[PDB]
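Only one chain comes next, encoded as structure tokens, the form deposited in one PDB entry.
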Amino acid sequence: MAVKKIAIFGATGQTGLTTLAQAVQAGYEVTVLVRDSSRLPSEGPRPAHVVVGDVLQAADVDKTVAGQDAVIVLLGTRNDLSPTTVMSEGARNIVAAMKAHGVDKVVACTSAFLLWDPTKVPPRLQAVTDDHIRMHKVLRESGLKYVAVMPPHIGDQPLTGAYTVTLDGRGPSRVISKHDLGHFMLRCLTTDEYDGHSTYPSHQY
């Protein structure tokens, strides 16, 4: 039985928007949780279901996860670099909702800093990185099938589907296009080969 129904968290963000468009075009029945539906586009592929609410509200997350086959997590803080627990608290709610509803597959984006030497995190990104680490811990300890996606710099290059995925943070470059990152999140829905692993997508454009 393959995945047909998915929830995407963070669908209005840079990577989320293209992951959403790609998922719908690929045939998935997609539900999104958004705080502000005006951030979803009118042109192009459209999600099947829109829940208005907040990943910090358990009931909103529960409504989004109910009935799904898998969950994609592309939560982030946009340009806000201050200390934060939004992603990890969101992940706690997602895990609880998954367990309440029998959903067992989550693919979630943090960053390659969780693979690279931690002394290399730029000071300005440390607070967000600390919450990525809390989120990764939550997902790893959940006992669900969890693919940790840890990308380098997210760029605007075209979709290629030709990127390289390593398990250790080394690879052909330190960039992945947002489109290729979304393509990889979707690839993780049709294989178990990355479950329980950390993954590093990168490409030379």
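Only residues modelled in both forms are compared. Just so we're on the same page, rigid core means the largest C-alpha set that superposes within 1.5 Å between forms. Numbering starts at 1 and runs along the sequence shown.
Keep in mind that the form deposited in another entry is not shown, yet the notes after this line are about it.
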query: C-alpha displacement of 2 Å or more between this form and the one not shown on the rigid core, among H49, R174, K137, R39; finding: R39
query: Sense of the change in Cα distance from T19 to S37 in the other form - at least 3 Å versus the shown form; finding: farther
query: Sense of CA distance change between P47 and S37 in the other form, threshold 3 Å; finding: farther
query: Shared-residue segments moving between this form and the one not shown, Cα shift 2 Å or more over 3+ consecutive positions, core-fitted; finding: 36 to 39, 41 to 45, 168 to 172
